[PDB]
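Before anything else, here's the structure in question.
Along the sequence shown, the residues carry numbers beginning at 1. No hydrogens, no waters, no symmetry mates; every other heavy atom, side chains included, goes into these values.
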Amino acid sequence: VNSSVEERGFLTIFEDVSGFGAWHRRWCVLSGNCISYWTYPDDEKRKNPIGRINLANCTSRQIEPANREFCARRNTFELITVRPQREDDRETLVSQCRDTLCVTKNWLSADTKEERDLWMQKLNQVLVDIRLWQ
């Protein structure tokens, strides 16, 4: 009876740059069970996203700030996803394949703590929605 959760904002994402790791500012859309991202807002209306993160594959009960053993960047939340490995899966700085299972660690940094907290909240509500249904 209520609408599916949505969120839009810029987030800076840790991405494997064919060798090195680097943070890239992206336009992010939470809709259905995915964060889709583009470089800027306009492009959301003109092309397919650069990537998508599927919350239906999330490992955890809830989304939490990035693990400080590994991530030093402020305002960062962490989303780990897992699924059976495919032909397209490749080892990278954010994705490990072992035992035919691919785990991808997603780090997305907000411009402010308040936006980090907003995103974590919306994403937790998507998790609950994914778990409560037919």
Side-chain angles (χ1 to χ4, degrees), residues 2-17 19 21-89 91-132:
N2 275 347
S3 317
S4 195
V5 180
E6 302 203 340
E7 190 52 82
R8 288 182 176 75
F10 289 92
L11 295 166
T12 306
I13 314 180
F14 193 71
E15 294 176 358
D16 185 302
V17 190
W23 293 86
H24 284 130
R25 185 185 188 69
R26 300 293 190 208
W27 179 244
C28 296
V29 174
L30 169 69
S31 181
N33 54 52
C34 288
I35 302 167
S36 304
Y37 61 84
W38 291 263
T39 300
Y40 49 81
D42 277 5
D43 255 357
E44 184 192 346
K45 302 166 217 151
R46 303 303 163 189
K47 58 179 69 162
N48 289 325
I50 294 161
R52 299 176 191 274
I53 297 169
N54 190 352
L55 267 66
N57 295 338
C58 181
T59 57
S60 55
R61 180 181 183 83
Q62 66 192 260
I63 298 304
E64 303 190 307
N67 186 344
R68 298 167 68 106
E69 164 173 15
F70 303 98
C71 178
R73 192 167 178 111
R74 59 191 305 95
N75 298 332
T76 305
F77 61 98
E78 165 179 310
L79 194 160
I80 302 160
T81 55
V82 59
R83 67 161 160 65
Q85 180 180 345
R86 310 171 174 164
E87 281 287 57
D88 49 292
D89 295 327
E91 280 282 337
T92 76
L93 285 187
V94 307
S95 308
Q96 174 153 348
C97 299
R98 207 202 167 80
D99 304 313
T100 69
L101 195 62
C102 185
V103 181
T104 297
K105 176 156 80 182
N106 302 283
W107 288 338
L108 298 89
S109 178
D111 291 348
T112 67
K113 191 199 97 98
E114 291 76 24
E115 290 177 41
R116 185 203 70 176
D117 292 354
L118 186 45
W119 276 93
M120 292 187 310
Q121 195 200 252
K122 297 282 194 207
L123 292 171
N124 288 347
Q125 185 68 61
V126 173
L127 285 179
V128 176
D129 289 339
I130 288 183
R131 297 165 184 162
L132 286 171

- Task: Examine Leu123 and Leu118 and state if one hydrophobic cluster contains both, with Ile, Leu, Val, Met, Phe, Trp and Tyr joined whenever side-chain heavy atoms are less than 4.5 Å apart.
- Result: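 No, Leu123 and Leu118 fall in different hydrophobic clusters.
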- Mind checking the CD1-SG spacing from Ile53 to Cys34? Nearest 0.5 Å is all I need.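 So the CD1 of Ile53 and the SG of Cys34 are separated by 9.0 Å.
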- Which atom names give the shortest non-hydrogen contact between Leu101 and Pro84, and what distance separates them?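 Residues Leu101 and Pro84, closest heavy atoms: CD1-N, 3.8 Å.
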- Indicate whether any N or O donor in one side chain lies under 3.5 Å from an N or O acceptor in the other, for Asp117 and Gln121.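 No, no side-chain donor-acceptor pair sits under 3.5 Å.
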- Query: Roughly how far apart are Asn2 CG and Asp129 CG, rounded to 0.5 Å?
  - Reply: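 Those atoms lie 9.5 Å apart.
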- Message: Under 3.5 Å, is there a donor on one side chain and an acceptor on the other for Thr100 and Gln85?
- Response: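 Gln85 and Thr100 do not have a side-chain donor-acceptor pair below 3.5 Å.
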- Query: Nearest heavy-atom pair of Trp38 and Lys47: which atoms, and what distance?
  - Reply: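 Reported closest heavy-atom pair: NE1-O, 2.9 Å.
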- Message: Parallel, tilted or perpendicular: which one describes the rings of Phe14 and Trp107, with boundaries at 30° and 60°?
- Response: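 Ring orientation of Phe14 relative to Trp107: tilted.
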- Query: Under a 4.5 Å cut-off applied to non-hydrogen side-chain atoms, are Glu7 and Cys28 in contact?
  - Reply: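 A side-chain contact is absent here, since even the closest heavy-atom pair is not under 4.5 Å.
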- Same hydrophobic cluster for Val5 and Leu55, using side-chain heavy-atom links shorter than 4.5 Å among ILVMFWY?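 Yes: a chain of side-chain contacts under 4.5 Å links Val5 to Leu55.
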- Message: Surrounding NZ of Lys122 (heavy atoms of other residues, nucleotides or ligands, distance under 6.0 Å), is the total greater than 12?
- Response: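 No - once you tally the heavy atoms of other residues, nucleotides and ligands closer than 6.0 Å, there are 12 at most.
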- Do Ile130 and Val29 belong to the same hydrophobic cluster, where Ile, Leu, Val, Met, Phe, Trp and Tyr are linked whenever their side-chain heavy atoms lie under 4.5 Å apart, directly or via other members?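 Looking at the clustering, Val29 is in a separate group from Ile130.
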- Query: With no hydrogens and no angle check, is any side-chain donor or acceptor of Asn106 less than 3.5 Å from a backbone partner on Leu79?
  - Reply: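 Yes; judged by distance alone, with no hydrogens or angles, the pair exists.
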- Item | Closest approach of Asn33 to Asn54 (non-hydrogen atoms, all atoms of both residues) |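 Scanning both residues completely, I find the closest heavy atoms to be OD1-OD1, 3.2 Å.
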- Task: For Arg83 and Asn57, work out which heavy atoms get closest and say how close.
- Result: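 So the two residues come closest at CB-ND2, 4.0 Å.
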- Residue pair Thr12 / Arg26, side-chain donor-acceptor N/O under 3.5 Å: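 Result is no, nothing qualifies.
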- Looking only at non-hydrogen atoms, find the nearest pair between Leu30 and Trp119 and report the distance.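 Distance-wise, the nearest heavy atoms are CB-CZ3, 3.8 Å.
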- Does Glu15 reach the side chain of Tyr37, with side-chain heavy atoms less than 4.5 Å apart?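 A side-chain contact under 4.5 Å exists here.
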- Message: Nearest 0.5 angstrom please: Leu108 CG to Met120 CE, how far?
- Response: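 So the gap between those two atoms works out to 12.0 Å.
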- Query: Looking at CD of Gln96 and CG of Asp89, how far apart are the two atoms once the value is rounded to the nearest 0.5 Å?
  - Reply: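 The CD atom of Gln96 sits 12.5 Å away from the CG atom of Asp89.
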- Query: Are any of the side-chain heavy atoms of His24 and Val17 separated by less than 4.5 Å?
  - Reply: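 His24 vs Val17: side chains touch.
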- With no hydrogens and no angle check, is any side-chain donor or acceptor of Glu78 less than 3.5 Å from a backbone partner on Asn67?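 Yes, the answer is positive, given that a donor and an acceptor are paired below the 3.5 Å cut-off.
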- Item | Over 12 non-hydrogen atoms of neighbours within 6.0 angstrom of CZ in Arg74 |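 Open.
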- Query: Which value, rounded to the nearest 0.5 Å, describes the distance between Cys102 atom SG and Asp88 atom CG?
  - Reply: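 Rounded to the nearest 0.5 Å, the SG-CG separation comes to 8.5 Å.
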- Message: Nearest 0.5 Å, please: how far is CD1 in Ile50 from CH2 in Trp27?
- Response: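 So the CH2 of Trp27 and the CD1 of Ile50 are separated by 13.5 Å.
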- Task: Let me see the working for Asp111 and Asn75 under side-chain contact (heavy atoms from CB on, under 4.5 Å), right down to the final yes or no.
- Result: CA-CA 7 Å; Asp111 291 348; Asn75 298 332; 6.0 Å; no
- Keeping the roles fixed (side chain from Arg131, backbone from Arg61), state whether a donor-acceptor pair exists under 3.5 Å.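 At least one qualifying donor-acceptor pair exists.
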- Message: Check whether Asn124 reaches the backbone of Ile63 with its side chain - one donor and one acceptor, N or O, closer than 3.5 Å.
- Response: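 Between the backbone of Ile63 and the side chain of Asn124 there is a qualifying donor-acceptor contact (under 3.5 Å).
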- Same apolar cluster (I L V M F W Y, side chains within < 4.5 Å links), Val94/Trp23: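 Yes, one cluster joins them.
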